[PDB]
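Peer 1: Structure incoming, see below.
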Amino acid sequence: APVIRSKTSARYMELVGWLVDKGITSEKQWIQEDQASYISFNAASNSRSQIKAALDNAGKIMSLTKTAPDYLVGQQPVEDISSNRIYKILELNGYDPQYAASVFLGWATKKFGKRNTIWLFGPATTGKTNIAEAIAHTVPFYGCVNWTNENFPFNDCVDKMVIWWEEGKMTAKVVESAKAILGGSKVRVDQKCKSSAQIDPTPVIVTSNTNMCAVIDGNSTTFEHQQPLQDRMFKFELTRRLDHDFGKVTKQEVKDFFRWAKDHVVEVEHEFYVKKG
Amino acid sequence: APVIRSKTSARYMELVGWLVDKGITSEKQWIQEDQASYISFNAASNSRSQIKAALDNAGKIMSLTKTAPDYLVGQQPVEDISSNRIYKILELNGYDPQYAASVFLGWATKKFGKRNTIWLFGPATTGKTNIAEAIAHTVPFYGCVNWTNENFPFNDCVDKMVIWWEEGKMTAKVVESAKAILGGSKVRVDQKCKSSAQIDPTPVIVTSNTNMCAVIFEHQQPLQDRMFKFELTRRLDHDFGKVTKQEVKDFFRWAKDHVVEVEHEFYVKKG
Amino acid sequence: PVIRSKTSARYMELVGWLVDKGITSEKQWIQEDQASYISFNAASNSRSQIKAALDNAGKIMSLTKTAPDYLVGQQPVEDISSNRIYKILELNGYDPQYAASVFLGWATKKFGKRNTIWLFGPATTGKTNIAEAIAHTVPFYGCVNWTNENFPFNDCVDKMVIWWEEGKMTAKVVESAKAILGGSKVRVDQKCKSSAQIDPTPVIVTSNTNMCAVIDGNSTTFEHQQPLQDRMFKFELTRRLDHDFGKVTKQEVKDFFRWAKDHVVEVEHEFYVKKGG
Amino acid sequence: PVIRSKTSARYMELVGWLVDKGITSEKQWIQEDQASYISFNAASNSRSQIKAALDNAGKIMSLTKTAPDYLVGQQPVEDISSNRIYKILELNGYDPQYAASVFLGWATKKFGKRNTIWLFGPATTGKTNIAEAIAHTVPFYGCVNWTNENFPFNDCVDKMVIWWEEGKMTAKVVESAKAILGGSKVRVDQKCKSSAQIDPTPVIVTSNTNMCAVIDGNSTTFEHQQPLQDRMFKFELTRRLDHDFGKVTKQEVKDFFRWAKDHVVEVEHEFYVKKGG
Amino acid sequence: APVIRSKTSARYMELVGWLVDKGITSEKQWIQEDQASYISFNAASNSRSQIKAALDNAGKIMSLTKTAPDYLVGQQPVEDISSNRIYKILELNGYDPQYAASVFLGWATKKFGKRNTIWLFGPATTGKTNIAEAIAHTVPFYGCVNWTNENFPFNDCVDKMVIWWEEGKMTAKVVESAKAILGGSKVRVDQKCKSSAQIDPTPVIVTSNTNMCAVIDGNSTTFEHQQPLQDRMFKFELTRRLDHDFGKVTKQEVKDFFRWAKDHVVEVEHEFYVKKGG
Amino acid sequence: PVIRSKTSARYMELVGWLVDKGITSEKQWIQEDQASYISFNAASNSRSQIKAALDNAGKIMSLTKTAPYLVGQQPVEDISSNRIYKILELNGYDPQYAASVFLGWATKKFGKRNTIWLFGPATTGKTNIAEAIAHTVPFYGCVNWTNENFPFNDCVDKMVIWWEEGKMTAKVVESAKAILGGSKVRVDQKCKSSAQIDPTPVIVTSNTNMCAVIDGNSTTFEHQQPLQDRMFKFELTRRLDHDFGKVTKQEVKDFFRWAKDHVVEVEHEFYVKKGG
Amino acid sequence: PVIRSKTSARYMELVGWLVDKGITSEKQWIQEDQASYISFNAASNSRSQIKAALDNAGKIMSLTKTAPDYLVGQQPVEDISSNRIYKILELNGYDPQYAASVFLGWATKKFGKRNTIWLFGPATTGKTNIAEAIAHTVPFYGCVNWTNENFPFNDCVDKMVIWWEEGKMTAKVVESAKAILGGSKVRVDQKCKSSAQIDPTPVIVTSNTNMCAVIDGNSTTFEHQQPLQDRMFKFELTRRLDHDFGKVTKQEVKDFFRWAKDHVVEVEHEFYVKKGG
DNA sequence: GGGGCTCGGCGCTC
DNA sequence: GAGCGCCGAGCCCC
Ligand SMILES: Nc1ncnc2c1ncn2[C@@H]1O[C@H](COP(=O)(O)OP(=O)(O)OP(O)(O)=S)[C@@H](O)[C@H]1O
Ligand SMILES: Nc1ncnc2c1ncn2[C@@H]1O[C@H](COP(=O)(O)OP(=O)(O)OP(O)(O)=S)[C@@H](O)[C@H]1O
Ligand SMILES: [Mg+2]
Ligand SMILES: [Mg+2]
C-alpha cells in the first residue's frame with residue numbers, strides 16, 4: 001500500500017483524523033467548532049477543493065465504522081417516559097408502546113431482513129413528518145429521495161445511513177428501483193452525469209398520505225406490485241389529529257425513545273399491519 | 001512497447017500491483033484493506049486522478065486472466081447438499097436439483113451459445129433476488145441494467161463478468177439493445193461521456209415478477225430463444241436465510257461433478 | 001517538417017510498434033504488454049498520448065489497406081461446401097455463386113448506389129452470425145447507437161464496415177441514414193469533435209423488423225420506401241438453424257469471399273436478390 | 001489544522017473585519033472603505049478571495065452572532081441629548097433613559113415573550129426613521145411582507161431583526177405572527193424553498209393603526225388584542241417632526257445603545273410604556 | 001480595513017480613479033478619450049480582464065456613492081461665457097442669463113426642494129432638445145423616462161444622476177409616481193424582470209411641446225393635478241427658433257455654463273414660471 | 001494609464017497598421033499580407049492577440065475616424081489612366097466637376113444633399129463605381145430595402161452606406177428621407193435595441209426613379225422634391241466595354257486624391273451639370 | 001508586422017509545405033508524409049499547431065488559388081490513351097481533346113454564363129466515378145444539399161468546385177441557382193450564420209433525369225430550362241460501364257486536365273458539347 | 001411530448 | 001496549479 005508522504009499529504013491526513021475524531025460531517029459544524037481552521041482553509045485555491053475532499057473522506061470513513069444504531073440509541077435511560085412526544089403519539093394513536101418501539105429498533109438494526117421500511121400513513125397533521133424529521137436528522141448524513149425527478153430519483157442515497165421519502169406516490173417509473181432500495185438489496189444505481197455506484201442496504205422511512213402498494217400511473221392504477229411492496233413495509237396508520245402546539249420532536253426524545261426500546265425489547269410478529277390491540 | 005521508467009511510473013506500477021494482488025476493485029475496499037493509503041492519495045489533484053486510473057487498470061488486469069466460472073466454483077468439495085439453500089429453493093418448486101444445476105453450470109461457462117440468460121420469474125417472496133444477488137456478488141465485477149435513464153441503459157455492462165437485470169421490464173427503448181447483450185453477441189455499445197466500447201459475451205440473470213418476453217408481441221420468439229425460464233412459485237418463510245456467498249460456490253461445485261445433458265429449451269422441464 | 005525531439009522519438013516508436021503489432025484498442029494493448037499500458041497511463045500527459053497514438057495508428061492502418069484486402073483470402077479453397085455461409089445461403093435457396101458475387105461486389109464498393117446488404121428473416125435464422133463474422137474479419141467496424149439520439153451515428157466515422165445490428169429506422173436519423181446507406185458523404189455529429197464527416201463505406205443491416213418503414217411516435221409512415229430500397233439488396237432468410245451448428249469463424253468468411261472472386265458472375269441491380277439458380 | 005501563511009493571514013484578517021462591520025455584500029464594503037475594495041479587486045488571485053470572503057463572513061455572522069453584537073456600539077458617549085431618536089423620545093415625552101431601556105431588553109431578548117416592538121404615532125413621526133435605522137443596522141434584516149398572504153415572513157429567516165412597516169394584522173397570519181411576535185421558535189413557508197425555522201428575533205413594528213385589531217375581510221376582531229398586547233411594547237409618537245430633522249444615521253443608532261447600556265434602569269413587563277411625567 | 005499594496009495594485013487604483021474622475025463609464029468612451037490607453041490595456045491576457053473588472057468597479061463606484069453635480073461643475077474658471085451657446089439660448093428667449101444659471105445650479109443640487117424639475121417648453125428647434133441632451137449626456141449615468149410603457153415608465157430612472165423626460169406626456173397611470181419623482185421624493189418603482197427599487201432624490205429635465213399640467217386619460221383630459229405639478233417644476237418656455245447652423249452644445253461648453261453658475265449665483269425663488277429679463 | 005512593454009509595443013504597432021490599411025476581417029488581412037497572418041498564428045499566445053487586435057481596430061476605426069481613406073496619401077501625377085475618370089469623362093461629366101462633387105459628398109460638404117444617385121442602364125459602371133468606392137472605406141453598409149421591417153439594419157456606424165438597386169417605398173420613405181438628409185435618425189435593428197445613425201454619405205446604383213415612392217400597385221411622386229433635395233444625381237448612359245475591368249482600390253484612392261488637389265466650386269443642384 | 005523565432009520559422013515552413021502539396025485534412029497529410037503527422041501529435045503544442053496550420057492553409061488556398069491551379073497538373077503528360085476519363089469520353093462519341101477543352105473552360109471560368117457542366121445518363125454509367133474524381137482533384141468542394149431547402153447551398157461557400165450530386169431545384173431558389181450555375185455572385189442564407197456571397201464557382205451535376213425541372217410546391221415546371229441550357233454544357237452518358245472499369249485516380253484527373261491545356265481546342269457555345277473533333 | 005435552455009462537473013490545456 | 005474553457009448529459013417550457 002503506497003502512502004504518499006508530501007507536506008500536503010501530512011496536512012490532509014491530520015485534517016481528516018481530526019474531523020473523524022470530532023464527528024464533523026459538514027462545514028456548518030466545522031465553523032461552529034473551530035473558526036480559525038475553516039477561515040484559513042478557504043484562503044487559497046488549492047485548499048478550497050481540499051475542504052470538499054476532506055469532508056467526503058470523513059463521511060466515507062465514518063459510514064464504514066458506525067451504522068445507524070450508534071447515533072440513534074442513547075446512552076442513558078429516561079426513568080419517566082410520558083413526556084416523549086413519540087410515545088404520546090404512538091399511544092394516543094392506539095398502538096402499544098412496547099411493540100411499536102420493538103419494531104422501530106428492529107428496523108434500525110436490519111434484524112428483519114427484507115422488511116426494511118416503516119410506512120407512516122395518516123391524514124394531514126398527525127405526526128408523520130415530525131417523526132420522520134427527527135429520525136432523519138439524528139443521524140450524521142441522511143438521504144432524501146427526490147421523487148420529483150423521475151430519471152434519477154435515488155441519486156443522493158449512495159453511501160447513506162437512513163433514507164427518508166417525505167411524500168409522493170409510487171409512480172410506474174420508480175417502482176422498479178423502489179423495490180430494490182426499499183428491500184435492502186445491494187444494487188448499483190445510476191448517477192447523474194457519472195457512472196454507477198453501490199447502494200448498501202439502508203433502512204428507509206416513507207411518510208405519505210396516499211397508498212404506495214398500488215402503483216399509480218396518470219389516469220390508471222396498477223395492482224400487480226401490491227404483494228411485493230407489501231412484503232417489505234411496516235404500515236403505521238396514524239389517525240388522531242395531533243393537538244395544536246405540539247413540540248417539535250427533539251433529537252434527545254428520539255434517542256431516549258430508542259434507548260427505552262432497547263431496554264424493553266419484545267418480539268414482533270413479522271407482518272404488514274403492525275399489531276395495535 | 002515503450003515502458004516509461006521514472007519515479008511516478010514506478011509508484012503507479014507498485015500501486016496497481018498491490019491493488020490486483022489484494023482483489024481491491026472499489027474505493028471502499030481500499031479503505032477497509034488500508035486506511036492511511038487511501039487518505040493519502042486524495043491530497044493533490046495528480047493523485048486524485050491517479051486513484052481512478054489505478055482502479056480501472058486493476059479492473060482490466062484482473063479480467064484478462066479470469067472469467068465467471070473461475071470464481072463461482074469453489075476449491076473444496078461439498079460432502080453434504082441438503083443443507084444448501086439454492087438446492088432447497090430449486091427442490092421446493094419441483095425442479096430436479098442436478099438438472100437445473102447443470103443448466104446453471106453451463107450458463108456460467110457460456111456452453112449454450114445464444115441462450116446465455118437465466119430468467120427467474122415468479123410471485124412475490126419466492127427466492128429470486130436471493131439467488132441472483134448471491135451469484136452476482138460471488139463474482140468480483142457485476143453490472144446492473146439501469147431501469148431509468150433509457151438513453152444509456154447498458155452503461156454498466158462493458159467489461160463485467162456477470163450482468164444482473166433486476167426487476168426489469170422490456171420497454172421498446174431497450175428491446176433492440178437487450179437483443180444484443182442477452183445473446184452474447186459481440187457488439188459495440190454506447191457509453192456516457194466517452195467513446196463507444198466493446199462488450200464481450202457475458203452471462204445475464206433476469207429476475208422479474210412480470211412477463212419479460214413481450215414488449216410494451218412481435219419480439220416474443222427472438223427473445224424466448226435466448227433465455228432459460230425457472231418458474232419459482234413457492235412462498236418462502238422469514239426464517240429461511242440469505243444465500244450466503246459461500247453456498248453459491250458449493251452449489252456450482254457440486255454441479256461440476258454431477259453434470260447431466262440439458263435439453264436445449266426455453267422452459268426448463270420440471271421433474 | 002519533422003519535429004525531432006525526445007518526446008517525438010518516443011511517440012514515433014510507439015506508433016511504429018502499434019502498427020507492427022496490430023493494436024487498435026486499449027484492451028489489446030494491455031493484452032500484449034501490460035507494462036506498456038500501465039506506464040503510459042501513469043503520468044498526466046499519459047491519456048492524451050494514448051488516445052492520440054491509438055487514433056493515429058488506426059488512421060495509418062486504414063489508409064494502408066482497405067476492406068477487400070482483409071476480407072478476401074490469399075490461399076484458395078479446396079472445397080467450399082463445408083463453409084457455413086455456403087450452407088446458410090443454400091438452405092434458404094440462393095445459388096451460392098450468385099450470392100457470392102453479390103457479397104464480393106458489396107465489399108469492393110462496386111455497385112454504386114446499392115452499397116448495403118440487408119439480411120432479414122424470422123428469429124434464429126443466421127443473420128447475426130454472418131454479420132458479426134464479416135464485421136470482425138475487418139480490423140475496424142462501426143455500429144449504430146440504437147438508443148442515443150444526440151449522437152446517433154457516432155463510431156461510424158472513418159471505419160471500414162458499418163454494421164447496423166438490429167436497427168429500426170427512426171424519423172430522427174432517416175436523412176443521414178438515407179445518405180450513409182447510399183455510398184455518399186454526410187455530416188454527422190460526434191463526441192467532443194467538430195462535426196466530422198463520414199466516408200462512403202459498406203453497410204450490413206441485420207434487423208428482423210422492417211427497415212424501410214419509418215416510425216413516428218405511434219405511427220408508421222411509408223413515405224420513405226423508394227429512397228431506402230433503391231440502395232440496398234435484400235436477403236430473405238427463413239429456414240431455422242438448429243443449435244450445435246456453430247458460428248462462422250473468420251477463416252470461413254475469408255474462404256467464402258475468396259471463392260467468390262474466383263467464380264464471380266453478373267447480377268442485376270434489384271432490391272430482391274434473384275432467389276434461385 | 002491551521003494554515004499559517006501570508007494569504008491565510010490576510011484572509012483571516014479580512015473576514016474578521018467583515019464580521020466586525022457586519023458587511024455582507026460588496027456595495028456595503030464600497031460604502032465603508034472603497035480603497036480596500038479596489039486594492040483587493042485587481043489580480044486574479046484576489047477576485048475569488050473577495051467572493052469567498054463575503055460568503056464566509058455571511059456564514060460566520062449567521063451561525064455565531066446575534067443582533068445585540070452589531071447594535072451595541074463600542075465607544076462611550078458623553079452626550080445623548082443630541083441623539084436624534086432620543087429627541088424623538090424626549091420630544092414625545094417617553095422617558096429616554098427608560099424608553100431607551102425598553103429596546104435593549106428587547107434587543108438582548110430580556111423580555112422573553114415580549115420580544116417585539118411597535119412604534120405608534122401619525123405619519124412624519126420618525127417611526128420608519130426609527131425602524132429603517134433599526135432595520136438596516138443589523139447585518140441581515142428581514143421585512144414582513146404582510147401584503148403577501150402566502151409568504152408574509154419569507155424574508156424573516158436567517159436574520160437578526162425583522163421589520164414591519166405600516167403593519168396591518170390579518171386573521172390568516174395572526175397565528176403565525178403571534179409565534180413570531182412572541183419570540184418563540186416557529187417554522188414558516190418560504191417561496192420556492194422548504195419551510196425554515198425563525199429563531200427568536202427581536203421584531204420591530206411601525207403602524208399608525210392599532211396592531212391589536214385583527215382585520216378579516218370586512219370585519220375587525222379584537223379577540224387577539226391581549227395576546228398581541230403581551231408580546232410587544234408600544235410608543236405613541238404624537239409630535240410630528242420638522243422638515244429639517246432628517247433621517248437617523250447608523251452612528252446615531254449605535255451610540256444610543258452604547259448610552260442605553262451604560263444608563264440601564266429597571267423596566268416593567270407591561271404592554272404599554274410609561275411617559276415621563 | 002485591509003488594502004493590498006503591489007505593483008499591479010497601484011496601477012489598478014490609478015486606473016479606477018482616472019475612470020471615476022473623467023466620467024469614462026464604458027470602453028468606447030475610453031477610446032474616444034485616450035486611444036493609447038485602450039490599445040495598450042488590450043494587449044495581454046492579464047489586462048484583457050483587468051479592463052472589464054475596472055469598468056465594473058468604476059461604473060458601480062461612480063453611479064452610486066457620488067452626487068450628480070460632481071460632473072456638472074467644472075474646474076477651470078470661465079472668463080467669457082457669452083460664447084457659450086446656452087448663454088445665447090437663454091438670452092435669446094429673454095431669460096436673464098444669471099438668474100436661470102442660478103436656477104440651473106439649484107435644480108442640480110436639489111436646493112429647490114420639491115421643485116425638482118426643469119421643463120423646457122415650446123415647439124421643436126428652440127434649444128429644448130439641444131440643452132436637455134447636452135445636460136443629460138453630461139452626467140455619468142442618465143435615463144430617459146419611457147412614458148410610452150405604462151408598466152415600467154421609470155425602469156431606467158434608478159441610480160440615474162440625471163433623468164431626461166424626452167417629449168413627456170404624463171398619463172393618469174403615472175401622475176402619482178411622477179409627482180414623487182418630479183418632487184424629488186424617495187419612491188419605490190417597479191423594474192422589468194427585477195425587484196422594486198427606490199429612486200433617491202434625483203433631478204429631472206423635461207422637454208416637450210405639450211402642457212405637462214394636463215392629465216391624458218384616454219379621450220379625456222383633466223387638470224386636477226395641475227397645482228401640485230406646478231409646485232414641483234420650473235418652466236423655461238423657449239419659443240424662439242434656432243438657426244440651422246447653430247450646432248449642438250458640447251459637454252465642454254455645458255461644464256463652462258454650470259461652472260459659470262457657481263461663480264455667478266444669485267438669489268432665486270420657487271414659483272412655477274421663470275421670470276424673463278425685462 | 002499607459003501599459004508599455006514589448007508585447008504592448010508590438011500590439012500598438014499592429015493596431016496602428018490595421019487602422020491605417022483599413023482591415024476589418026481576416027480575409028482582408030491575408031489579401032493585404034498572408035505572411036503576417038501566417039507568422040502570427042504560430043504560437044498559442046498570438047491567437048487571442050489577433051482576435052483582440054481585429055475587434056479593437058474595427059471599433060477604433062468606427063468611433064474615431066471618418067470616411068474621407070477615400071483620399072490617397074501620395075500625389076497623383078496622371079489621372080487620365082483612371083477608369084473612374086474615363087467613365088465620368090465618357091458620360092459628359094467634367095472630371096474636375098464630378099470629382100469635386102464626389103469630394104464634397106465624401107466630406108458631407110453639401111449639408112443635406114447627402115447621397116450620390118448613380119443612374120443609367122446596366123453595365124454602365126454604376127455598380128462598379130459604387131462597388132469600387134464602397135469597398136474602399138473600411139466599414140460600409142448595404143441598404144436591405146427588400147426587408148421592410150429592418151431595411152437600414154446594416155446602416156449603423158457605417159462610414160459609407162450603399163443602396164444597391166434601391167427602390168423607394170412608402171414605408172421607408174420617411175426614414176430614407178431622414179438618412180439621405182444627412183440627419184441623425186434612430187432605426188430598428190433585428191434582435192437589438194434601436195440605434196442612431198450619424199450623418200453618413202450615401203451612394204446609390206439604380207435604374208429606377210427614386211423620386212417615385214412605390215406603395216403596392218400605386219406610385220406617388222409626393223416625396224419627389226424633398227428627395228431631390230437630398231441627392232447628387234448622375235446619369236451614366238454609355239455602355240462600358242467587356243474588357244473594361246473593375247476599378248482597383250488603388251484607383252479610387254488615386255481619383256479622390258486628384259480631386260483634393262483640384263477642388264472647384266460645386267452647385268447644390270439636383271442635376272450635376274455635364275461638361276459641354 | 002512579423003514575428004520571428006524558431007517556432008515562427010517552423011510554422012512558416014509548414015504552411016508553405018501544405019499550400020504547395022495542397023492539403024486540407026489530416027488523411028492527406030499522412031498520405032503525402034507520415035513521419036510529419038506522427039511527429040506533430042507528441043506534445044500538446046504540436047497537437048494545437050496542427051489545427052491552426054490546416055485552417056490557415058485552407059484559407060490561403062481558398063483566397064489566392066483558383067480551380068485551374070490544381071486541376072491542370074504540374075508535371076507533363078505523355079500518354080493520354082489510358083486515362084479512365086479519356087476512355088469513357090471516347091466511349092460515348094466525344095472527341096477526347098474537345099471534351100477536355102470544354103471541361104478546361106468550365107474550370108478556368110471561360111464560357112461566361114455557361115458556368116456549369118452537367119453529367120446526365122442512366123444508372124451505372126459512372127457519374128460518380130467522374131464527379132467524385134474531379135471534385136476530389138481540387139482542395140475544397142461542396143455538395144448541393146437540396147434536403148435543406150432553407151440553405152441548399154450552405155456547403156457551397158468558398159468552394160473551388162461544387163457538386164450537385166442529387167436533389168431537384170426548388171422554385172424559391174431558382175434565381176440563386178441561376179446565379180451559381182451562371183458564375184454570378186449571389187448572397188445565400190446559411191444555417192445559423194449570416195448570408196454569405198457565393199462567388200462564381202464551377203458546378204458539376206450528376207443526374208439520371210432532367211435537372212432543369214423546377215419544383216414549385218406540387219408543380220414541376222420546365223420554364224427555366226432555356227435560361228439554364230444557355231448556362232450549362234451538358235454531357236449525356238450513352239450506356240452502362242463495365243463494373244471492372246476501375247476508379248479514376250487523382251493522378252489520372254491531373255493528367256487529363258494537364259494534357260487539356262497543352263492541347264486546348266476551340267469551343268462553340270452551343271448548349272450541347274459538339275460530338276466530334 | 002417535442003423543441004430548445006442553461007447548467008455542472010469534468011478535462012485539458014496553458 | 002488556476003483558470004479556463006468546452007461540452008455532454010441533463011433539464012424545462014411551451
Ligand atoms: N437481508 C436479509 N436478511 C434476512 N433474510 C433475507 C434477507 N434478504 C432476503 N432474505 C430472505 O429472502 C427470502 C425471500 O426473499 P427474496 O429472494 O427477495 O424473494 P424475491 O423472490 O426476490 O421477492 P421479489 O418480490 O420477487 S424481489 C425471505 O424469506 C427472507 O427470509
Ligand atoms: N418547528 C416546529 N415548532 C413547533 N411545532 C412544530 C414544529 N415542527 C413541527 N411541529 C408540530 O408538528 C405537528 C405535526 O406536524 P406534521 O407532522 O408536519 O403533520 P403532517 O401533516 O403529518 O406532516 P405533513 O402532512 O407531511 S406536511 C404540528 O401540529 C406542529 O405544531
Ligand atoms: Mg428482488
Ligand atoms: Mg442479431
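All residue names refer to the C-alpha cells as shown: chains lettered A, B, ... in order, residues numbered from 1 in each chain, ligands numbered from 1 in order.
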Could you list the protein, DNA and RNA residues that have any atom within 10 Å of ligand 4, counting only C-alpha atoms (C1' of nucleotides) and all ligand atoms, and write them as an mmCIF file with C-alpha atoms, in the first residue's frame?
Peer 2:
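See pocket00.cif below for the written result:
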data_model
loop_
_atom_site.group_PDB
_atom_site.id
_atom_site.type_symbol
_atom_site.label_atom_id
_atom_site.label_comp_id
_atom_site.auth_asym_id
_atom_site.auth_seq_id
_atom_site.Cartn_x
_atom_site.Cartn_y
_atom_site.Cartn_z
ATOM 1 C CA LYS B 114 -27.070 -17.626 -27.965
ATOM 2 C CA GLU B 176 -33.397 -3.628 -29.671
ATOM 3 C CA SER B 177 -30.368 -3.241 -27.393
ATOM 4 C CA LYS B 179 -31.484 -8.299 -28.158
ATOM 5 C CA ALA B 180 -27.615 -7.972 -28.260
ATOM 6 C CA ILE B 181 -26.375 -8.442 -24.644
ATOM 7 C CA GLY B 183 -27.366 -13.213 -26.725
ATOM 8 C CA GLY B 184 -23.666 -12.771 -26.071
ATOM 9 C CA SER B 185 -23.331 -11.045 -29.429
ATOM 10 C CA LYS B 186 -20.089 -9.102 -29.782
ATOM 11 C CA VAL B 187 -21.363 -5.556 -30.277
ATOM 12 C CA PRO B 222 -36.446 -13.899 -30.761
ATOM 13 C CA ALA C 123 -35.748 -15.464 -35.405
ATOM 14 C CA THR C 124 -32.733 -17.789 -35.181
ATOM 15 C CA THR C 125 -32.003 -17.989 -38.920
ATOM 16 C CA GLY C 126 -28.345 -16.923 -39.222
ATOM 17 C CA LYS C 127 -28.262 -13.160 -39.706
ATOM 18 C CA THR C 128 -26.135 -12.012 -36.777
ATOM 19 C CA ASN C 129 -23.657 -14.845 -37.321
ATOM 20 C CA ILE C 130 -22.748 -13.737 -40.849
ATOM 21 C CA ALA C 131 -22.878 -10.079 -39.877
ATOM 22 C CA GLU C 132 -20.506 -10.444 -36.938
ATOM 23 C CA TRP C 164 -26.387 -1.874 -38.011
ATOM 24 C CA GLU C 165 -27.152 -4.800 -35.730
ATOM 25 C CA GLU C 166 -30.911 -4.692 -35.133
ATOM 26 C CA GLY C 167 -31.728 -1.126 -36.037
ATOM 27 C CA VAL C 205 -28.044 -4.387 -41.716
ATOM 28 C CA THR C 206 -29.439 -7.438 -39.917
ATOM 29 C CA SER C 207 -32.717 -6.254 -38.419
ATOM 30 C CA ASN C 208 -35.565 -8.761 -38.260
#
Peer 1: Which residues of chain A have any atom within 9 Å of an atom in ligand 2 when counting only C-alpha atoms and all ligand atoms, and what is the closest pair of atoms for each, with the distance in Å to one decimal? Order the rows by chain and rising number and write it as a Markdown table.
Peer 2:
| residue | atom | partner | partner_atom_place_in_ligand_line | distance |
| --- | --- | --- | --- | --- |
| A:120 | CA | ligand 2 | 22 (O) | 8.9 |
| A:121 | CA | ligand 2 | 22 (O) | 8.6 |
| A:122 | CA | ligand 2 | 22 (O) | 6.8 |
| A:123 | CA | ligand 2 | 21 (O) | 6.6 |
| A:124 | CA | ligand 2 | 21 (O) | 3.5 |
| A:125 | CA | ligand 2 | 21 (O) | 3.2 |
| A:126 | CA | ligand 2 | 22 (O) | 4.3 |
| A:127 | CA | ligand 2 | 17 (O) | 3.3 |
| A:128 | CA | ligand 2 | 22 (O) | 4.1 |
| A:129 | CA | ligand 2 | 17 (O) | 3.8 |
| A:130 | CA | ligand 2 | 17 (O) | 4.1 |
| A:131 | CA | ligand 2 | 17 (O) | 7.0 |
| A:132 | CA | ligand 2 | 17 (O) | 8.1 |
| A:133 | CA | ligand 2 | 17 (O) | 8.6 |
| A:166 | CA | ligand 2 | 26 (O) | 6.7 |
| A:167 | CA | ligand 2 | 26 (O) | 6.6 |
| A:207 | CA | ligand 2 | 26 (O) | 6.7 |
| A:208 | CA | ligand 2 | 26 (O) | 6.8 |
| A:209 | CA | ligand 2 | 25 (O) | 7.1 |
| A:238 | CA | ligand 2 | 22 (O) | 8.8 |
| A:241 | CA | ligand 2 | 29 (O) | 8.2 |
| A:242 | CA | ligand 2 | 29 (O) | 5.7 |
| A:243 | CA | ligand 2 | 29 (O) | 6.1 |
| A:244 | CA | ligand 2 | 29 (O) | 5.0 |
| A:245 | CA | ligand 2 | 31 (O) | 4.7 |
| A:246 | CA | ligand 2 | 31 (O) | 4.6 |
| A:247 | CA | ligand 2 | 5 (N) | 4.9 |
| A:248 | CA | ligand 2 | 7 (C) | 4.2 |
| A:249 | CA | ligand 2 | 9 (C) | 7.4 |
Peer 1: Store the residues picked out above in a file with C-alpha atoms, as a JSON list (two decimals), in the first residue's frame.
Peer 2:
[["chain", "number", "residue", "atom", "x", "y", "z"],
["A", 120, "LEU", "CA", -46.37, 6.10, 8.10],
["A", 121, "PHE", "CA", -49.79, 6.66, 6.52],
["A", 122, "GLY", "CA", -52.12, 9.18, 8.12],
["A", 123, "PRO", "CA", -54.30, 12.20, 7.35],
["A", 124, "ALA", "CA", -52.80, 15.68, 7.44],
["A", 125, "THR", "CA", -51.41, 16.98, 10.72],
["A", 126, "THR", "CA", -50.83, 13.72, 12.62],
["A", 127, "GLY", "CA", -47.07, 13.48, 13.19],
["A", 128, "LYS", "CA", -45.66, 11.72, 10.13],
["A", 129, "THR", "CA", -43.30, 14.49, 9.10],
["A", 130, "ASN", "CA", -42.35, 15.15, 12.73],
["A", 131, "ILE", "CA", -41.11, 11.62, 13.48],
["A", 132, "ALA", "CA", -39.57, 11.33, 10.03],
["A", 133, "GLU", "CA", -37.61, 14.55, 10.51],
["A", 166, "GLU", "CA", -41.12, 12.66, 2.55],
["A", 167, "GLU", "CA", -44.24, 12.46, 0.36],
["A", 207, "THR", "CA", -44.31, 9.20, 5.03],
["A", 208, "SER", "CA", -47.28, 9.71, 2.74],
["A", 209, "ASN", "CA", -50.98, 10.50, 2.62],
["A", 238, "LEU", "CA", -51.65, 7.28, 12.49],
["A", 241, "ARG", "CA", -55.10, 14.66, 14.62],
["A", 242, "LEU", "CA", -52.23, 15.90, 16.76],
["A", 243, "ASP", "CA", -53.28, 18.71, 19.09],
["A", 244, "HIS", "CA", -52.16, 22.25, 18.34],
["A", 245, "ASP", "CA", -48.90, 23.43, 19.90],
["A", 246, "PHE", "CA", -47.20, 20.04, 19.91],
["A", 247, "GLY", "CA", -43.45, 20.29, 20.39],
["A", 248, "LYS", "CA", -41.07, 19.63, 17.52],
["A", 249, "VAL", "CA", -39.66, 16.15, 18.13]]
Peer 1: Please, which residues in chain F fall within 12 Å of chain H when counting only C-alpha atoms (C1' of nucleotides), and what is the closest atom pair and distance in Å to one decimal for each, ordered by chain then residue number, as a Markdown table?
Peer 2:
| residue | atom | partner | partner_atom | distance |
| --- | --- | --- | --- | --- |
| F:43 | CA | H:14 | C1' | 11.7 |
| F:44 | CA | H:14 | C1' | 8.7 |
| F:45 | CA | H:14 | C1' | 9.3 |
Peer 1: Quick one: everything within 6 Å of region 242-252 of chain C, counting only C-alpha atoms (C1' of nucleotides), minus sequence neighbours fewer than 6 positions away in the same chain. Send it as a PyMOL selection string.
Peer 2: chain C and resi 83+133+137
Peer 1: May I have the residues within 10 Å of ligand 1, computed using only C-alpha atoms (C1' of nucleotides) and all ligand atoms, as JSON, numbers by chain?
Peer 2: {"A": [110, 111, 112, 113, 114, 115, 116, 176, 179, 180, 183, 184, 185, 186, 201, 225, 226, 227, 228, 229, 230, 231, 232], "B": [89, 120, 121, 122, 123, 124, 125, 126, 127, 128, 129, 130, 131, 132, 133, 134, 166, 167, 207, 208, 209, 210, 232, 233, 234, 235, 236, 237, 238, 239, 240, 241, 242, 243]}
Peer 1: For residue 266 (chain C), work out the shell of residues within 10 Å, counting only C-alpha atoms (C1' of nucleotides) and skipping chain neighbours fewer than 2 positions away, then give it as a list in words.
Peer 2: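 Here the answer would be residues 97, 98, 101, 102, 105, 264, 268 and 269 of chain C; 243 of chain G.
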Peer 1: May I have all residues of region 75-231 of chain C that DSSP, computed from the backbone, assigns to alpha helix (DSSP H), given as a ChimeraX atom specification?
Peer 2: /C:84-92,96-107,127-137,174-180,226-229
Peer 1: If you count only C-alpha atoms (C1' of nucleotides), which residues fall within 8 Å of region 126-138 of chain E, apart from same-chain ones fewer than 6 positions away, as a ChimeraX atom specification?
Peer 2: /E:71-72,86,89,120,162-164,205-208,238-242,248-251,254
Peer 1: Chain E residues within 7 Å of chain F, counting only C-alpha atoms: which ones, as a PyMOL selection string?
Peer 2: chain E and resi 15+31-32+36-37+39-41+43
